[PDB]
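Notes follow the structure.
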Amino acid sequence: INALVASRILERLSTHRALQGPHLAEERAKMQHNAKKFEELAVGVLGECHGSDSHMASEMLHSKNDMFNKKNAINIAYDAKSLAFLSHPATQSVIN
Amino acid sequence: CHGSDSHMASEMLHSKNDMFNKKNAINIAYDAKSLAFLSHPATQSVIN
Amino acid sequence: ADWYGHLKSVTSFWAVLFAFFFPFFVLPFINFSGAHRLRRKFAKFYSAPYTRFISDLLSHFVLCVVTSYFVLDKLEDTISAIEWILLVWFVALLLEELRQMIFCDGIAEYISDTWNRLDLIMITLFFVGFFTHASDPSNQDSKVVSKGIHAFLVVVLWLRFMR
Amino acid sequence: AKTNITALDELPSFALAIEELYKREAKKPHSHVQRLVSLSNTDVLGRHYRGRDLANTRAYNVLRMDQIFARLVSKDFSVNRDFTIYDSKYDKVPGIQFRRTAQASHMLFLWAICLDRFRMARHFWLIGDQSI
Amino acid sequence: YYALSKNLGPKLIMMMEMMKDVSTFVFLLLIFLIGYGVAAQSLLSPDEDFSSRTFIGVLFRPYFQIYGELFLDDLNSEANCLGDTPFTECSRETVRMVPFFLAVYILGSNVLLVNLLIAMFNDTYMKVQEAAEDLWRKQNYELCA
Amino acid sequence: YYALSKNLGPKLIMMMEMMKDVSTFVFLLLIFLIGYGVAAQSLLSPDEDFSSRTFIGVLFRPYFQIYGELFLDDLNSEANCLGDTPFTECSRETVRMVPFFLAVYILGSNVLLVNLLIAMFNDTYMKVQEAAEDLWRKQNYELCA
Amino acid sequence: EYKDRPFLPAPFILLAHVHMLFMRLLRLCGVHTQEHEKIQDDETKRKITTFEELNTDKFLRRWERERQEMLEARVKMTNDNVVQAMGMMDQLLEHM
Amino acid sequence: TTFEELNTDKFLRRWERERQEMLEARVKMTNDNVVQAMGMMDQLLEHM
Ligand SMILES: CC(C)CCC[C@@H](C)[C@H]1CC[C@H]2[C@@H]3CC=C4C[C@@H](O)CC[C@]4(C)[C@H]3CC[C@]12C
Ligand SMILES: CC(C)CCC[C@@H](C)[C@H]1CC[C@H]2[C@@H]3CC=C4C[C@@H](O)CC[C@]4(C)[C@H]3CC[C@]12C
Ligand SMILES: CC(C)CCC[C@@H](C)[C@H]1CC[C@H]2[C@@H]3CC=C4C[C@@H](O)CC[C@]4(C)[C@H]3CC[C@]12C
Ligand SMILES: CC(C)CCC[C@@H](C)[C@H]1CC[C@H]2[C@@H]3CC=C4C[C@@H](O)CC[C@]4(C)[C@H]3CC[C@]12C
Ligand SMILES: CC(C)CCC[C@@H](C)[C@H]1CC[C@H]2[C@@H]3CC=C4C[C@@H](O)CC[C@]4(C)[C@H]3CC[C@]12C
Ligand SMILES: CC(C)CCC[C@@H](C)[C@H]1CC[C@H]2[C@@H]3CC=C4C[C@@H](O)CC[C@]4(C)[C@H]3CC[C@]12C
Ligand SMILES: [Mg+2]
Ligand SMILES: [Mg+2]
Ligand SMILES: [Mg+2]
């Protein structure tokens with residue numbers, strides 16, 4: 001959830017009004033790159049969970065989180081526009 | 001140049017050069033038929 | 001370099017074609033990469049394989065256009081002048097095919113090529129159609145059957161032009 | 001040798017040195033530098049107008065080569081040279097030491113583009129200014 | 001004025017590139033069209049003096065037959081065949097070969113040449129799309145200047 | 001309700017993607033269609049006051065001619081040409097250019113633009129099929145929610 | 001094909017045909033002529049031979065250099081060199 | 001002028017670093033280093 005949130009904040013900051021400017025270009029690029037990396041991490045950990053115990057991974061994806069306003073992680077992922085997380089077989093299995 | 005300071009790079013691309021007959025560098029690039037230079041995002045941003 | 005012979009390599013299709021059509025007006029004003037000058041230019045330019053290829057193309061194109069005109073226009077009650085010209089032309093073509101048979105690397109090498117097969121079918125179709133017309137020139141039915149065979153002749157002539 | 005032309009006499013020592021590098025390359029058999037200069041059809045100052053001794057002994061001066069390269073780029077290349085800054089009276093000027101270097105470097109770079117020596121071209125390109 | 005657009009401009013440069021393939025298709029089709037047109041026109045009217053109408057007959061139906069308008073009712077009417085089944089009970093037996101010649105021709109033109117043109121267009125498209133984008137970026141400066 | 005299916009759902013996302021290529025084709029065809037329609041309608045009726053029927057004549061036949069319905073019998077009848085050979089023995093010699101204009105137009109529209117559209121569809125298909133699958137997997141959650 | 005073909009076009013090629021038949025008849029029966037050709041000098045043959053041998057050696061040297069600059073060959077060369085390097089260290093340790 | 005020279009030097013440093021991080025250059029560098037390493041061992045064995 002923190003990796004998805006991290007990806008979302010870096011992606012939103014990279015196109016934000018505070019980061020536009022001639023000198024900030026590489027910084028912006030770096031943000032998008034880091035965002036992508038965190039997205040990969042979120043997918044990777046998720047994949048590992050589904051490899052170890054698929055049912056427990058499903059319970060993890062279905063768990064409402066007290067921090068983050070009681071939204072399940074899939075709701076967080078959709079709100080973070082993480083296409084890679086939603087297209088993963090574990091997430092799709094939980095949705096089915 | 002475009003990575004370091006895009007505005008200063010734009011000023012550099014817009015600068016008329018006393019040597020080279022007061023033509024801007026983009027005019028030089030078009031006259032040199034450098035397709036790679038003209039297709040670059042920095043040059044295209046200055047043209048836009 | 002062998003294709004263009006003793007001519008420059010920058011010569012285009014139109015330049016060589018124009019020089020072919022106008023020999024005395026384009027040859028002095030050309031670059032070749034009086035008795036000693038004119039005879040030498042005539043012997044070098046027209047011995048080139050490119051010039052012979054262009055001459056064969058133009059010749060086959062006229063053959064296609066003239067034979068096409070002959071099959072579209074109605075046949076007369078006797079053997080017409082254009083029919084005699086086409087008869088002389090296809091005997092010539094048949095003799096050229098026989099010459100190609102003699103000077104190739106065997107009958108198999110000549111018959112392997114599809115254009116030689118098209119040439120044999122072309123000559124065979126024209127002679128059937130001509131003898132069909134020439135057996136009874138005033139007969140309307142013979143003229144109709146002859147033009148029917150010569151329809152096949154025209155399609156092959158135009159297919160043979162793709163060489 | 002002394003020359004009646006005031007433009008040729010204004011030239012510094014390093015210009016004559018670049019001319020010597022052109023002469024040594026040009027004297028080799030079937031050299032494209034000599035062919036380029038001959039097919040250019042220009043006089044000693046590089047003007048397109050097409051004194052035989054002056055036209056052959058100093059056929060590879062830097063101004064003429066500048067004109068030949070100028071015709072190679074486009075129809076409106078005109079490189080501005082200022083050979084007056086190499087005199088001893090301009091030593092008190094602050095940034096001149098960069099400029100005197102840069103211009104010089106430029107001329108050598110042009111020579112290095114002519115002989116197609118990429119490494120020296122890259123080095124003189126790096127030493128001078130107006131890189132792009 | 002389509003050249004300003006990021007979608008229409010490169011496509012116009014590509015269209016000008018595909019015109020050479022269109023010309024190649026035209027050169028290949030001219031063979032089949034002239035051969036079939038002279039042959040078919042001769043079979044339909046074998047006892048007519050040559051005129052301008054003969055030349056118009058050689059080009060009109062063959063060219064438009066490559067676009068699906070086959071003119072079979074018109075060809076059947078022109079052939080003077082009175083049977084209920086098309087191209088039967090005709091005055092001359094040679095004119096009954098017109099549907100066959102046609103059968104070869106549209107096999108040559110529509111089945112073979114048009115599909116070959118589709119293959120040339122796809123290959124040409126994959127080869128020169130990035131070059132068209134680069135040329136469009138140079139034409140952006142040309143239009144700005 | 002096709003979006004639930006693993007075959008029909010991504011294809012619908014791809015169809016919505018190909019609509020931009022269809023729009024590009026429409027923008028390129030509008031040029032050839034209007035140019036040919038105004039020119040052809042003017043050649044067929046050169047002494048008529050402009051009305052709504054003139055505008056309907058400019059769009060109806062040109063658009064439907066890109067789908068193989070060529071209207072040659074209707075065009076020949078409208079041209080007032082009384083010869084057995086089509087577009088011959090006409091009252092005005094200018095209206096005999098209609099088959100030629102048409103000859104250029106369907107070369108421009110069917111031979112060139114339609115085949116170009118096939119090439120754009122193939123390239124577009126190869127580029128965005130995996131993205132359509134990913135978008136379908138996101139829409140699976142959207143439909144479930 | 002076009003080198004050996006007569007130049008005269010199709011209708012007028014009968015003149016060329018009877019001219020070639022006349023030459024064959026005048027060389028077989030009459031025997032009033034023969035065939036003439038040109039033979040290359042030994043100097044230009046040895047020049048071509050020297051050129052071909054020099055370029056053969058030059059290609060083999062360039063080919064050998066190109067094959068030694070490949071990644072596979074360099075990795076293989078590095079592996080054999082390290083193996084020979086340990087052989088030399090087996091001599092160091094022995095002596096020590 | 002200062003901006004252009006600084007960015008020219010900066011690009012050359014980045015370009016040099018990028019060319020040294022390539023696989024071919026690293027394999028070549030490793031090969032030359034092992035050759036020089038045996039030269040140093042030819043000195044060890046001699047002295048021993
Ligand atoms: C492409 C080449 C090999 C085809 C050769 C076959 C052609 C020339 C021959 C083969 C059979 C022939 C047909 C046989 C019988 C008839 C019926 C007669 O009342 C009119 C002519 C007609 C219709 C002939 C026309 C010519 C014909 C079609
Ligand atoms: C070699 C390839 C091109 C195949 C050739 C097939 C040709 C020769 C065949 C196919 C169909 C045939 C036609 C079919 C029917 C008839 C009607 C008959 O009463 C006279 C012959 C005629 C008109 C035939 C002539 C020959 C014909 C045209
Ligand atoms: C799979 C495809 C290629 C099948 C090919 C079908 C061919 C053999 C068919 C299709 C149309 C046919 C023609 C249609 C009509 C006629 C007119 C008739 O009076 C004689 C036969 C003739 C001339 C037919 C000959 C055979 C024909 C050319
Ligand atoms: C695209 C551009 C270059 C084409 C220019 C050619 C056009 C405008 C010209 C060339 C020849 C001309 C034709 C020549 C003769 C006639 C016959 C006359 O009784 C009516 C007009 C008509 C039919 C002309 C119409 C206009 C015409 C078609
Ligand atoms: C430059 C490109 C577009 C080619 C232009 C070719 C044009 C100008 C040609 C092609 C076919 C021609 C037409 C063919 C036949 C006739 C009938 C004649 O009695 C009057 C002229 C007229 C009506 C011609 C006008 C000019 C024409 C339309
Ligand atoms: C391989 C393809 C592109 C061949 C092109 C064929 C062209 C040249 C042909 C096909 C249809 C033909 C037209 C068909 C009918 C007519 C009407 C007639 O009264 C004048 C000539 C005219 C206007 C023709 C001009 C030439 C034409 C346009
Ligand atoms: Mg042959
Ligand atoms: Mg510098
Ligand atoms: Mg249809």
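Order of the sequence lines fixes the chain letters, A, B, ..., with proteins taken first and strands second; residue numbering starts at 1 for each chain. Only this structure's heavy atoms are used, side chains among them; waters, hydrogens and symmetry mates stay out.
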*Go through the side-chain N and O atoms of E:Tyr141 and B:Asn27 and say whether any donor and acceptor fall under 3.5 Å apart.*
yes

*Value rounded to 0.5 Å, distance of CG in D:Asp43 from CD in D:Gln67*: 9.5 Å

*Any donor-acceptor N or O pair under 3.5 Å, side chains D:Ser40, D:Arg71*: no

*Partners of E:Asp21 by salt bridge (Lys or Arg N to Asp or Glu O under 4.0 Å), sequence neighbours excluded?*
none

*asked:* Students often mix this up, so state it plainly: with edges at 30° and 60°, are the rings of D:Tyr86 and D:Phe14 parallel, tilted or perpendicular?
replied: tilted

*Are a donor atom and an acceptor atom from the side chains of D:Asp82 and D:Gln103 found within less than 3.5 Å of each other?*
no

*Any side-chain heavy atom of B:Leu38 within less than 4.5 Å of one from E:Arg137?*
no

*Any luck finding a side-chain donor-acceptor pair between F:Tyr125 and F:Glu17 under 3.5 Å?*
no

Throw together a table of side-chain donor-acceptor distances under 3.5 angstrom for residues 31-43 of chain A, partners on residues two or more places apart or in other chains.
residue	atom	partner	partner atom	Å
A:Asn34	ND2	A:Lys30	O	3.4
A:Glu39	OE2	A:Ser82	OG	3.1

_From F:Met120 atom CE to F:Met18 atom CE, the distance as rounded to the nearest 0.5 Å_ = 10.0 Å

*Say you draw a straight line from CG of D:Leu108 to CE of D:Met120; how long is it, rounded to the nearest 0.5 Å?*
9.5 Å

*Mind telling me whether D:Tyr22 and D:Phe69 have parallel, tilted or perpendicular rings, with 30° and 60° as the class edges?*
tilted

_Side chains of D:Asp76 and B:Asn21, donor plus acceptor under 3.5 Å_ = no

